[PDB]
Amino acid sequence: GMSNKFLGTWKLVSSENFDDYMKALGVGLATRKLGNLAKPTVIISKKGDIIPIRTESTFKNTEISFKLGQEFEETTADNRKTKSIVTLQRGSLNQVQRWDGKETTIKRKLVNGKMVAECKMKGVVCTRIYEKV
């Protein structure tokens, strides 16, 4: 299952290409400006076979909880209503969100103790790096 090394509180320390990623999602200008200024905290925990992931920022908070491989309803930070699935692939926690015939993937993996999130939407790739705190 998911490595226990994922468990904990993570703080964003770097974000590359988030603006174009948000544009690809259809996020408006004012929202993107605040999104680009946000430095969220991401909290990953485990309750039995349920995995909650909570995101906290001054602008927006989100929370999802899921079992691996089981589709669930998700409300995203930009208020998309998606059907989502999280899978585990070579130690990577891979989230796919589907809505209105579109899809985006968020892949989270551990790299030298940091958590690296890769966000992909229509060929646009955003990389966000988190430190454990």
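Numbers follow the displayed sequence, beginning with 1.
Mind pulling up the entry and telling me whether 29-37 or 44-52 has the higher mean Cα temperature factor? Mean C-alpha B-factor is greater for 44-52.
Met121: which third of its chain by C-alpha temperature factor? Top third by C-alpha B-factor.
Could you look up the Cα B-factor of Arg98 in the entry and say which third of the chain it sits in: lowest, middle or highest? As the PDB entry reports it, the C-alpha B-factor of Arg98 lands in the lowest third of its chain.
So where's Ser65 on the chain's Cα temperature factor ranking, which third? As the PDB entry reports it, the C-alpha B-factor of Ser65 lands in the highest third of its chain.
Going by the entry, which third of its chain does the Cα temperature factor of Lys23 land in? Top third by C-alpha B-factor.
Grab the CA temperature factor for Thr9 from the record and place it in the lowest, middle or highest third of its chain. Ranked within chain, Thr9 CA B lands in the highest tercile.
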